[PDB]
Amino acid sequence: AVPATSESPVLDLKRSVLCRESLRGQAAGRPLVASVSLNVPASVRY
Amino acid sequence: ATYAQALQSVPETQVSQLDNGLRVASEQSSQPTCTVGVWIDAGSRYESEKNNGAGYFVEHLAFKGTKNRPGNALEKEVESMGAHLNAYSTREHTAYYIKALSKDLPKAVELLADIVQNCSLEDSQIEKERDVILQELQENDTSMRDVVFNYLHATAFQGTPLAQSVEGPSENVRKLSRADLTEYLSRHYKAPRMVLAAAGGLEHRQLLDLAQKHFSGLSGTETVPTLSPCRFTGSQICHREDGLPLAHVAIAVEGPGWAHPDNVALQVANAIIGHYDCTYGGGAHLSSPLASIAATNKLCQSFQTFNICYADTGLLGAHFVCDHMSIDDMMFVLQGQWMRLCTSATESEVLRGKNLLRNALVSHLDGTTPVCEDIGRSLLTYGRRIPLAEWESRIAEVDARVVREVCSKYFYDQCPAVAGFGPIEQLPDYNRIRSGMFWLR
Amino acid sequence: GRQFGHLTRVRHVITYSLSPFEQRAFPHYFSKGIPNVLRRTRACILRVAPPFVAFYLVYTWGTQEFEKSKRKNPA
Amino acid sequence: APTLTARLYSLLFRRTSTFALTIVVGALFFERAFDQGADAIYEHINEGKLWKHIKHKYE
Amino acid sequence: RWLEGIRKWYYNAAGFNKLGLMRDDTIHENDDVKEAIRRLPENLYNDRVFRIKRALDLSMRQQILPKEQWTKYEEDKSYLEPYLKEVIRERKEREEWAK
Amino acid sequence: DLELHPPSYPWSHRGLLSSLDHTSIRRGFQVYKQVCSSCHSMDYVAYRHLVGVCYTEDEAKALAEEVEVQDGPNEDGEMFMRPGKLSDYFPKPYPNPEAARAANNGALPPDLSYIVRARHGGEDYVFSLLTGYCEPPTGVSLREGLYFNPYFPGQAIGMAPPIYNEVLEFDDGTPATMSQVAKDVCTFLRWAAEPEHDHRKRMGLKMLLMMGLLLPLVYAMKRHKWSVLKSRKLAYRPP
Amino acid sequence: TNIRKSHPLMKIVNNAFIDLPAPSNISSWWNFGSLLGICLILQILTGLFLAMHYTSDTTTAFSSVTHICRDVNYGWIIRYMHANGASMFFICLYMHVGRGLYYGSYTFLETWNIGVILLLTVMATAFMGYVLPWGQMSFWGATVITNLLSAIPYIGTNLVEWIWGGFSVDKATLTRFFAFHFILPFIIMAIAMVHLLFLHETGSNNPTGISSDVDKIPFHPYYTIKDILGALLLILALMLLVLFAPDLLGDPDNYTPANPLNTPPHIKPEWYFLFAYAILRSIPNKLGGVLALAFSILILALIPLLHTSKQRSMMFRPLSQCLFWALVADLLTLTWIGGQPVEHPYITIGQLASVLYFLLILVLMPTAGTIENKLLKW
Amino acid sequence: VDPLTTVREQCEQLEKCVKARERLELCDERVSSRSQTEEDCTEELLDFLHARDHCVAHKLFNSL
Amino acid sequence: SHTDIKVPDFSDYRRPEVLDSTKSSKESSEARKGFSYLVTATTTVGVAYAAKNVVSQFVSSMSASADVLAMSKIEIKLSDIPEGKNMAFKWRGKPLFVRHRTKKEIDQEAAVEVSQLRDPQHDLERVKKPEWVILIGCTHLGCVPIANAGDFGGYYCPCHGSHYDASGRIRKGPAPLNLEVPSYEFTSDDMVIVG
Amino acid sequence: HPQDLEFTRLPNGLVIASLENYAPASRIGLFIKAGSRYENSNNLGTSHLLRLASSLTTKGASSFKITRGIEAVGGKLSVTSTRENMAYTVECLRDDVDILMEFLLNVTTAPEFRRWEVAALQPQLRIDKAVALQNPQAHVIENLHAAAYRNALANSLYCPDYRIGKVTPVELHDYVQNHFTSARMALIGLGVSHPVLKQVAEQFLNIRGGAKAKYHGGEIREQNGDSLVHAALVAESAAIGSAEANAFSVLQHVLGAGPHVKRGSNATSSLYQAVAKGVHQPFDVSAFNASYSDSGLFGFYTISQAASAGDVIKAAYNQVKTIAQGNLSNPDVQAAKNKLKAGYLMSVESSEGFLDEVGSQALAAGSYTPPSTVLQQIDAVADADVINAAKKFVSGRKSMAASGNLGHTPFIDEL
Ligand SMILES: CC1=Nc2ccccc2C(=O)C1c1ccc(Cc2ccc(OC(F)(F)F)cc2)cc1
Ligand code: FES
């Protein structure tokens, strides 16, 4: 029922990274998980 | 044991105020973990033009040391006890909160207090965090969603404090002295403007006494900051930039603001129209006519309805991302939906909307953090936590007639604010958009 | 012909505007209107007018020349 | 009390169905008013010149 | 040389400068000009796009710019010349080769 | 072949919204009846046309009954003569143009139905012609029967001065001076050429008023819609 | 997705009357297209209503027209609307063309040439229309103008008698003039649709003469609302004539029936032909004069070839501006001279005006374009 | 008794009329004196009447 | 940053009601719409007034002209026709029979058989005055019936063989409908207008 | 009525676990051993299509009815795939669990996979993959596994390009009929009684039944000219369920496993500080720890500037070497334990994450281990076990994956 963290498009120009403060959190630390739904946008986790 | 019943035995929220005026609020349940934090009536709305982005600048400096714990001492202590420390700033609400083990709640409350009150704001640390903000500002330019919404506010509430971005202009970021920041803090961070919220395994009694121990020093006493109303303007902002591959459009009418009961019926209506993107399982068979039409005809890549609430006003509408040839058709079906709900919403579809909304806010409040946040912010917006049993009362009251009458108040024959960014050549002219806010029948 | 969305390539141009219900139909109509008209009239006058002055003259000359020609000459 | 234009909007102009009925009713009231009013202007402008003014002399 | 007095007069008489246009913006778009425009670098093209947008909007209001903002005669860079010259030079070569 | 064009007399119907003096028309009709209907035809005016203009239904019936007119054929196959009715047009003096020429020595008297519309100057012209008859200047004489009138083109006309003082006693007893007779007949000949005159001008007033109302309103609607564009500001923001 | 873009009939209307991308900056001179359409529809309606009461028989023709004005209910207001409507048509035409000339719209070749055709067709319609009342100027105007074709060697004399269907303008001529006059407006309507068809291929020129793709606005509401205002102004102008001075643009002699003996003093066509009538009378030789009258209109087809300026519109072109306004004032002079008797000084003025007309189009305005270019280092 | 012939007299005694009336009488006793020349005096009469009847128009209609 | 963009001041163009940046536009929204829509509504009423009149005139055009209305009616003098004799008239390009009827012809046509007639009409409803019968002249194939003749002593036709009575009703012949009763009214007891 | 978890393992192998907690909302999850690993080289990407394929027509409910009926009651139907498991999850208000259950059972036990529906769905593989691969972590982690393994765990979760448009209805039927079986299924629940779940599992989920992961050690290099280089270096770690795995988990948190403070400098993170000492340009580093039924991967993931990739990876690798050599104090291992202990309890804080852990455990192990037992097991890791885990990594056969402009990114045999 609830919309996701990030609304997903194809062909949409990538969101940039410029500093340490925005880049931390990104380094993968656990294996991938993928969810698909009826209501919620599709997400891929570390 | 039914749903109606289940709501009756949801843990109540405890409510108490300190001598200075700081509220302590807390929802309890035997849980090994907890979330606690401080919510403040402070943000960009409370900033003037010359001190815009100060609250954001502060947020950067918050976790960079205190008088009691200089530099990375505050940082080290949070990490080593397995605690998670986090912050956010909206146009009206700044908030700092910590996720910790239930046994570590005393130290958790202590650390929050140390952050708020005794924040270092070092000369070197300011000049460091200055470049950081400037780079985030550049990153933010590459988020079309962020840009279009900032534009919506900027045009909707033009010439007021609500037009202002949370981050502030690069001009202010480059100039803001430590004098500005400390002056901003002592003006806005006051006990009656703040709420200490916690959820998880916490005895309410203990939290309130910990609040005494560390938050007693908070000031609660000329020209007390009281936000003026903000003038909505029917306007358009069009950032045409054909170099970007997809167009972002954000459109809204004036919403009622936090207080108003109509917000419940508006949520029901917004749930009917709902949201969509290209990764959704539903496609053609989706219940929302906008979504099924959008899926079958590849109109947009994504859309959501949003009813953004501020104090005496807000933004009620939708955002979409679509192909450069689809903007006109997207606008057509979306405005078509607003009109259909205003004029001719059905009982069964409103019931669907109700059921969506019931489900929406029951499952959002799952885990200590979102429950802590609901406590913190509800105290700021409503002046209390509204129990789930009461939300349910308000939802059950909404029928087809209500949805019509409520939607007709805000949407029907009203001037919207439009923001567009990207290859927006097709994006309908304001007059055509304005004419799309009524039907001739 | 060509539909909106296929006309041309435009980059980095912002357009801000107001709803017609938020504004006046005739803002500074005489205040700014009168001077702009005088400016516009002065700008084109001695391109537009000289031929019509010439018409007036060739007309009034030719008309009363036809009258005088039909009079008898004193001889 | 709200302004006069606003009362006109809420009562007559908001629903396009009432807006249309308003035009039709108003057109009738306007038609008879305008016609009678403009004819009066004409007949006063031409006092005693029209057959309508000199009719009585031959009846 | 001596007619530079007339050139300066004509420039202001013509008056495209009052809309903040350069001479090369006012050229009637034939097939050569189209190609020449197409060959402009990002900067020169988007400038052209704005200047015209601005001019048309001014024409729509029946107004001109402030005199400070007028294109000065001497500041009118001949931006399209090198591209247009070569487009023409190219076509003339193909036309020659076709005989 | 010099030319004297007529002056502009201030008629009771000269102005934008000014109707014809119908009483004037009623007198003017009698000036046609008593004087010019033995020479000029007026084919497009019938006795019914007078009703609601200068005469009542009953008066116009009497005027119609006064005149001879041919009708037929009857069952025997003959053309009889009968008393006129409203449906009859004003009767021609002669059967044809050839007969007319013989009675006026070569010259044909023009039909008067459109004479105001068919001559430059109109009622100003006709009035000047009727009152302008005078003795010729030195060094001038025309063919025996062509009179001198200065307002006529070529300075010489083949009509005997038709109006003079007391040529007719008016029904309403207006003093029948040469001037007054001419004024009345012109007012009638104006109506003859243009019956619509009053209705036309009534419509003119109603059009001017509605235009006075609609033009600024439509213009305001125009400015309303266009206000979106009129206000707009453009900014050029390259990276 | 809507039923404006979808339905095969609405699709055509949506693309050519609603969502049509129009330049933001087009002036009042762009309203004349709309107004020409209104004129055409107005003529057709008023015309059809007149045709319900008119007869093309030479004996009853003049009578029927007067019967319209006297006995037919509001037949007068219909009649005088149609007559002044013909004047309004030509005013609208010349303004529409002037716009084309001044702003260089003629570069739209197909649109432009179809225009020339439309002009010529409206002229033919209005020439034969003026004959229908069967008054003096009707009959004698038709006689002199038609008979000009006899100046063609070998065939000309046959041709004239073939148009007439006899030896003068008589029974057979009036009846066919009515038939042609009825049918042609409908042909005009078709050719006018071909005219627009080509116009939407490019979209519209604007006052700057610079491409407006960077600033297109939707036709509705912006230009639907302007066109309504324009239409309202056209109705005012028309009805000002019809209700206050219906005979102002006509001639008195067309109120006396057509007489094959009695010649009017100064026989002439209706005002909108006077410029070309003057050109005819400048040349002393008759075949020369016909070829000049012909070339005075057909020269419009030459204009696009005669373009020399590197700029499209005259907006940024002082010398051309003046020569254009000279050409307009000259045409106003030819219209005046056209109305005059053939005598001194109207012959010499007329000759001089006719020389100036062709000189302006064929020599001076081309040279002015090239001078302007060389002044801009072009 | 006619208001017309009253006003014709009234207007006849104006500067432009009396000056034109003298012009008329000059050629009256120039032609009617001289023999064997085909020139006449229509022109001079029309000059006089133009000036006269313009004035007559201005106020004749008041007495009607 | 895009945060550097701030919307231009629109104060010059704003309506008075929306100038105050610290007050809500929602007060004036009811009103500002009202004003603009009034202009629109007024305009529509005016255009309606026009279109009514224009269309109405054009419709009028097609209706009977003044000269056709002139031949609509015919006046007949009743003292000019003697008791018993018929008198023919020309009406709408047709003959029109008016007949003065005697007290014998009235009573003789009063007690006639209702059923036996081909077109059953009683005499009291064929006329408005007893002593006057007004009729339009043969229903079969169009001739002009001759007065004071026939078997039934009224009107007889020498074309095929129709016999009309004194009330104008077909008695013995090929005609399908009786001679037609037009629309008329007596005005002065001396005069009749038919039409 | 204060409530704790109930548990049942039916004779047919199937697990039912359910906490009746009297919340207004009810989460139900059917967990299945049907992850990407059970694809072979002939049907690669089948489980990806299968993940997209719920809400296609079933025997008891149409494609239309699944969407409409669930949306009617404000519900959600989700499908989640790891390398080892698939998880079908429904949410709604507790009154509508019957309805949602019927939908869940239809989707998992009797999907029809109609030729026209399956074919129509094919383009969705491209959309879903395209979206996911916008995360550069997805590139590297999918490559990392493909490099590290010969067969099962090497499989990517997303369908290979060549297979898009080509996954057949037969393959989908085969995959479900072979993998969605009682011996491979765990039905978990919140806000519903255990007896009624048991009865559903007996009557509707009694389905009859239907190679070990060989570690390889390789490298995969995506040359793509980003100014940033994502890179991961791992060695084979231990299997989930073994005690050694807990040692790796502690080692992960000693080295640093993601941020604790917003915009924080990570003063306790061994890796982040090790890298930040030498190089101050924008970067991120974290310890990477996957653990599976057969195997596991442990190492670290760097995000660095293109030119700095050599320096960053080497510096990070050196930090593990010093932990392996023995440079490790109690306060570090204590902090690391406190992180992991807190992290675990926080991950099961929400009723979403709790359901994931109950189902997750139920498949890879026999039954539910309570939070208290788990934390005691974390404490049971001696400092010696942490140093052994580090030693294992350093001398163990290496696997690597990188994406970016790799001009200064070393190969495995360049370390
Ligand atoms: C089609 C148009 N294109 C434009 C392009 C650029 C700038 C202005 C315009 C227009 O003003 C314009 C238009 C013209 C006319 C009308 C009303 C109308 C009247 C008569 C008609 O009959 C026909 F014969 F077909 F012409 C049709 C329509 C509306 C709009
Ligand atoms: S025609 Fe007279 S009855 Fe047959």
# chains A, B, ... in the order shown; residues from 1 in each chain; ligands from 1

$ residues_around --residues "residue 174 of chain G" --least-positions-apart "3" --cutoff "8 Å" --atoms "only C-alpha atoms" --output "ChimeraX atom specification"
/G:56-58,131-132,169-171,177-178

$ residues_near_ligand --ligand "ligand 2" --cutoff "7 Å" --atoms "only C-alpha atoms and all ligand atoms" --output "ChimeraX atom specification"
/I:138-143,157-162,173-175

$ write_last_selection --atoms "C-alpha atoms" --output "PDB file, in the first residue's frame"
ATOM      1  CA  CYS I 138     -63.737  21.029 -58.244  1.00  0.00           C
ATOM      2  CA  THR I 139     -61.939  18.729 -55.793  1.00  0.00           C
ATOM      3  CA  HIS I 140     -61.469  15.799 -58.256  1.00  0.00           C
ATOM      4  CA  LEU I 141     -59.289  17.058 -61.158  1.00  0.00           C
ATOM      5  CA  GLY I 142     -59.601  20.846 -60.857  1.00  0.00           C
ATOM      6  CA  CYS I 143     -62.187  22.813 -62.799  1.00  0.00           C
ATOM      7  CA  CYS I 157     -69.144  20.671 -63.140  1.00  0.00           C
ATOM      8  CA  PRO I 158     -69.061  20.068 -66.954  1.00  0.00           C
ATOM      9  CA  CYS I 159     -65.703  18.170 -66.729  1.00  0.00           C
ATOM     10  CA  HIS I 160     -66.432  14.623 -65.410  1.00  0.00           C
ATOM     11  CA  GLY I 161     -69.822  14.724 -63.627  1.00  0.00           C
ATOM     12  CA  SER I 162     -69.942  16.152 -60.101  1.00  0.00           C
ATOM     13  CA  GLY I 173     -70.293  12.467 -58.627  1.00  0.00           C
ATOM     14  CA  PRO I 174     -66.551  11.442 -58.772  1.00  0.00           C
ATOM     15  CA  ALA I 175     -65.262  14.174 -56.373  1.00  0.00           C
TER      16      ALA I 175
END

$ interface_residues --of "chain F" --to "chain B" --cutoff "12 Å" --atoms "only C-alpha atoms" --output "PDB file with N, CA and C atoms, in the first residue's frame"
ATOM      1  N   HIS F 224      -7.208  38.816 -19.955  1.00  0.00           N
ATOM      2  CA  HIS F 224      -7.259  37.791 -18.904  1.00  0.00           C
ATOM      3  C   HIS F 224      -6.444  36.568 -19.321  1.00  0.00           C
ATOM      4  N   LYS F 225      -6.812  35.972 -20.450  1.00  0.00           N
ATOM      5  CA  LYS F 225      -6.129  34.773 -20.921  1.00  0.00           C
ATOM      6  C   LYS F 225      -4.650  35.044 -21.206  1.00  0.00           C
ATOM      7  N   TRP F 226      -4.379  36.163 -21.869  1.00  0.00           N
ATOM      8  CA  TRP F 226      -3.022  36.523 -22.273  1.00  0.00           C
ATOM      9  C   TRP F 226      -2.099  36.997 -21.149  1.00  0.00           C
ATOM     10  N   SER F 227      -2.692  37.337 -20.005  1.00  0.00           N
ATOM     11  CA  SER F 227      -1.957  37.784 -18.817  1.00  0.00           C
ATOM     12  C   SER F 227      -0.866  36.825 -18.348  1.00  0.00           C
ATOM     13  N   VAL F 228      -1.015  35.543 -18.685  1.00  0.00           N
ATOM     14  CA  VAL F 228      -0.047  34.506 -18.308  1.00  0.00           C
ATOM     15  C   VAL F 228       1.276  34.784 -19.015  1.00  0.00           C
ATOM     16  N   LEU F 229       1.160  35.158 -20.291  1.00  0.00           N
ATOM     17  CA  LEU F 229       2.298  35.477 -21.142  1.00  0.00           C
ATOM     18  C   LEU F 229       2.835  36.887 -20.936  1.00  0.00           C
ATOM     19  N   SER F 231       2.953  38.726 -18.213  1.00  0.00           N
ATOM     20  CA  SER F 231       3.707  38.815 -16.958  1.00  0.00           C
ATOM     21  C   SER F 231       5.080  38.153 -17.040  1.00  0.00           C
ATOM     22  N   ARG F 232       5.147  37.041 -17.783  1.00  0.00           N
ATOM     23  CA  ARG F 232       6.238  36.057 -17.706  1.00  0.00           C
ATOM     24  C   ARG F 232       7.664  36.623 -17.781  1.00  0.00           C
ATOM     25  N   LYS F 233       8.572  36.023 -17.018  1.00  0.00           N
ATOM     26  CA  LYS F 233       9.977  36.410 -17.016  1.00  0.00           C
ATOM     27  C   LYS F 233      10.814  35.234 -17.512  1.00  0.00           C
ATOM     28  N   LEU F 234      11.795  35.499 -18.378  1.00  0.00           N
ATOM     29  CA  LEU F 234      12.711  34.443 -18.850  1.00  0.00           C
ATOM     30  C   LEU F 234      14.095  34.592 -18.253  1.00  0.00           C
ATOM     31  N   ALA F 235      14.678  33.489 -17.797  1.00  0.00           N
ATOM     32  CA  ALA F 235      16.051  33.498 -17.309  1.00  0.00           C
ATOM     33  C   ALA F 235      16.900  32.474 -18.047  1.00  0.00           C
ATOM     34  N   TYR F 236      18.100  32.893 -18.431  1.00  0.00           N
ATOM     35  CA  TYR F 236      19.050  32.026 -19.127  1.00  0.00           C
ATOM     36  C   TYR F 236      20.107  31.518 -18.142  1.00  0.00           C
ATOM     37  N   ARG F 237      20.117  30.218 -17.876  1.00  0.00           N
ATOM     38  CA  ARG F 237      20.952  29.690 -16.790  1.00  0.00           C
ATOM     39  C   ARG F 237      21.933  28.556 -17.203  1.00  0.00           C
ATOM     40  N   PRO F 238      22.939  28.860 -18.072  1.00  0.00           N
ATOM     41  CA  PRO F 238      23.905  27.824 -18.510  1.00  0.00           C
ATOM     42  C   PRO F 238      24.932  27.431 -17.410  1.00  0.00           C
ATOM     43  N   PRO F 239      25.493  26.193 -17.467  1.00  0.00           N
ATOM     44  CA  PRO F 239      26.096  25.543 -16.269  1.00  0.00           C
ATOM     45  C   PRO F 239      27.303  26.229 -15.608  1.00  0.00           C
TER      46      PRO F 239
END

$ residues_near_ligand --ligand "ligand 1" --cutoff "8 Å" --atoms "only C-alpha atoms and all ligand atoms" --output "MDAnalysis selection string"
chainID G and resid 16:17 20 22:23 26 30:41 188:190 192:193 196 199:200 203:205 219 223:224 227

$ write_last_selection --atoms "N, CA and C atoms" --output "compact mmCIF listing (two decimals), in the first residue's frame"
# COMPACT_ATOMS: atom_id res chain seq x y z
N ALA G 16 -5.38 21.73 -36.18
CA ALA G 16 -5.41 22.94 -37.00
C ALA G 16 -6.16 24.11 -36.36
N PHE G 17 -6.71 23.89 -35.16
CA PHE G 17 -7.51 24.91 -34.47
C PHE G 17 -7.42 24.91 -32.94
N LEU G 20 -2.48 23.51 -32.48
CA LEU G 20 -1.59 24.12 -33.46
C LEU G 20 -0.56 25.00 -32.72
N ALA G 22 1.52 27.96 -32.58
CA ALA G 22 1.54 29.29 -33.18
C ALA G 22 2.64 30.14 -32.54
N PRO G 23 3.26 31.07 -33.31
CA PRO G 23 4.24 31.96 -32.67
C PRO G 23 3.58 32.79 -31.55
N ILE G 26 2.80 36.94 -32.85
CA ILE G 26 2.11 37.39 -34.07
C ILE G 26 1.17 38.55 -33.75
N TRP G 30 -2.07 39.21 -38.45
CA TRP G 30 -2.33 37.77 -38.57
C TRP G 30 -3.81 37.37 -38.36
N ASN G 31 -4.61 38.33 -37.90
CA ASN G 31 -6.06 38.16 -37.73
C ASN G 31 -6.85 38.15 -39.03
N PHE G 32 -6.25 38.65 -40.11
CA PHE G 32 -6.97 38.82 -41.36
C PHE G 32 -7.30 37.52 -42.07
N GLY G 33 -6.52 36.48 -41.82
CA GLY G 33 -6.84 35.14 -42.32
C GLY G 33 -8.20 34.66 -41.84
N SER G 34 -8.38 34.75 -40.52
CA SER G 34 -9.62 34.40 -39.81
C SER G 34 -10.77 35.20 -40.32
N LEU G 35 -10.52 36.50 -40.48
CA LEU G 35 -11.52 37.43 -40.95
C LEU G 35 -11.94 37.18 -42.40
N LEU G 36 -11.00 36.72 -43.23
CA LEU G 36 -11.29 36.37 -44.62
C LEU G 36 -12.23 35.18 -44.67
N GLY G 37 -11.95 34.20 -43.82
CA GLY G 37 -12.85 33.09 -43.62
C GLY G 37 -14.25 33.53 -43.20
N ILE G 38 -14.32 34.43 -42.22
CA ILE G 38 -15.60 34.93 -41.74
C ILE G 38 -16.31 35.62 -42.88
N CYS G 39 -15.60 36.48 -43.61
CA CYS G 39 -16.13 37.15 -44.80
C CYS G 39 -16.74 36.17 -45.78
N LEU G 40 -15.96 35.13 -46.11
CA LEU G 40 -16.41 34.10 -47.03
C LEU G 40 -17.68 33.39 -46.57
N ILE G 41 -17.73 32.96 -45.30
CA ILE G 41 -18.94 32.32 -44.75
C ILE G 41 -20.11 33.30 -44.74
N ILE G 188 -13.86 28.59 -53.99
CA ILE G 188 -12.99 29.39 -53.10
C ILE G 188 -12.75 28.68 -51.76
N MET G 189 -13.83 28.21 -51.15
CA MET G 189 -13.77 27.50 -49.90
C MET G 189 -12.85 26.28 -49.96
N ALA G 190 -12.89 25.57 -51.09
CA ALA G 190 -12.04 24.41 -51.28
C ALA G 190 -10.60 24.82 -51.42
N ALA G 192 -9.25 27.55 -50.44
CA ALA G 192 -8.88 28.07 -49.11
C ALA G 192 -8.45 26.97 -48.13
N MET G 193 -9.06 25.80 -48.25
CA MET G 193 -8.66 24.69 -47.42
C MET G 193 -7.31 24.14 -47.85
N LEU G 196 -4.68 26.59 -46.34
CA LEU G 196 -4.35 26.26 -44.96
C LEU G 196 -3.55 24.98 -44.89
N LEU G 199 -0.22 25.85 -45.34
CA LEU G 199 0.24 26.70 -44.26
C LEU G 199 0.66 25.90 -43.01
N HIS G 200 -0.02 24.79 -42.73
CA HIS G 200 0.30 24.06 -41.50
C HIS G 200 1.50 23.14 -41.65
N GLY G 203 3.76 25.91 -40.42
CA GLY G 203 3.34 26.77 -39.30
C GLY G 203 3.55 28.23 -39.68
N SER G 204 3.30 29.15 -38.76
CA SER G 204 3.22 30.55 -39.17
C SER G 204 4.47 31.39 -39.04
N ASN G 205 4.65 32.28 -40.02
CA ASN G 205 5.66 33.33 -39.95
C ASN G 205 5.30 34.29 -38.81
N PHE G 219 -2.57 27.44 -30.01
CA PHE G 219 -3.56 28.31 -30.64
C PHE G 219 -4.74 28.66 -29.71
N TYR G 223 -5.01 32.48 -29.36
CA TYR G 223 -5.46 33.01 -30.63
C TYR G 223 -6.90 32.75 -30.95
N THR G 224 -7.55 31.80 -30.26
CA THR G 224 -9.01 31.71 -30.36
C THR G 224 -9.65 32.96 -29.77
N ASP G 227 -8.93 36.01 -32.08
CA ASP G 227 -9.74 35.91 -33.27
C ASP G 227 -11.18 36.29 -33.02

$ select_by_dssp --residues "chain A" --states "alpha helix (DSSP H)" --output "ChimeraX atom specification"
/A:20-23

$ write_last_selection --atoms "C-alpha atoms" --output "PDB file, in the first residue's frame"
ATOM      1  CA  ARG A  20      32.799  11.325   1.613  1.00  0.00           C
ATOM      2  CA  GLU A  21      29.587  12.212   3.552  1.00  0.00           C
ATOM      3  CA  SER A  22      27.294  11.163   0.672  1.00  0.00           C
ATOM      4  CA  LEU A  23      29.425   8.183  -0.456  1.00  0.00           C
TER       5      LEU A  23
END

$ residues_around --residues "residue 35 of chain A" --least-positions-apart "6" --cutoff "10 Å" --atoms "only C-alpha atoms" --output "short mmCIF file (atom, residue, chain, number, x, y, z; two decimals) with N, CA and C atoms, in the first residue's frame"
data_model
loop_
_atom_site.label_atom_id
_atom_site.label_comp_id
_atom_site.auth_asym_id
_atom_site.auth_seq_id
_atom_site.Cartn_x
_atom_site.Cartn_y
_atom_site.Cartn_z
N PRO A 41 7.36 -0.13 -5.33
CA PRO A 41 8.45 -0.13 -6.31
C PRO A 41 9.53 -1.17 -6.00
N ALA A 42 10.07 -1.79 -7.05
CA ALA A 42 11.02 -2.90 -6.91
C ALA A 42 12.37 -2.42 -6.37
N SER A 43 12.86 -3.13 -5.35
CA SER A 43 14.10 -2.78 -4.65
C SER A 43 15.12 -3.93 -4.60
N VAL A 44 16.40 -3.56 -4.65
CA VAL A 44 17.53 -4.49 -4.54
C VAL A 44 18.42 -4.05 -3.37
N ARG A 45 18.66 -4.97 -2.42
CA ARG A 45 19.38 -4.67 -1.18
C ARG A 45 20.80 -5.23 -1.18
N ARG J 51 9.69 -14.52 -10.19
CA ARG J 51 9.57 -13.43 -9.21
C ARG J 51 8.64 -12.31 -9.73
N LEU J 52 8.75 -12.03 -11.02
CA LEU J 52 7.89 -11.05 -11.67
C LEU J 52 6.48 -11.61 -11.96
N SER J 78 4.02 -9.37 -2.25
CA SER J 78 5.44 -9.17 -2.55
C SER J 78 6.15 -10.51 -2.76
N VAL J 79 7.17 -10.51 -3.62
CA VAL J 79 8.00 -11.71 -3.87
C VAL J 79 9.45 -11.27 -3.74
N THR J 80 10.19 -11.97 -2.87
CA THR J 80 11.59 -11.66 -2.54
C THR J 80 12.53 -12.85 -2.77
N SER J 81 13.57 -12.63 -3.57
CA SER J 81 14.53 -13.67 -3.90
C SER J 81 15.93 -13.34 -3.39
N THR J 82 16.53 -14.31 -2.71
CA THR J 82 17.96 -14.33 -2.47
C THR J 82 18.55 -15.37 -3.42
N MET J 86 13.30 -18.14 -2.07
CA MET J 86 12.26 -17.22 -2.54
C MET J 86 11.24 -17.00 -1.41
N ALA J 87 10.71 -15.79 -1.30
CA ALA J 87 9.78 -15.48 -0.22
C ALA J 87 8.55 -14.74 -0.74
N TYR J 88 7.39 -15.40 -0.67
CA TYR J 88 6.09 -14.82 -1.07
C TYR J 88 5.34 -14.26 0.16
#
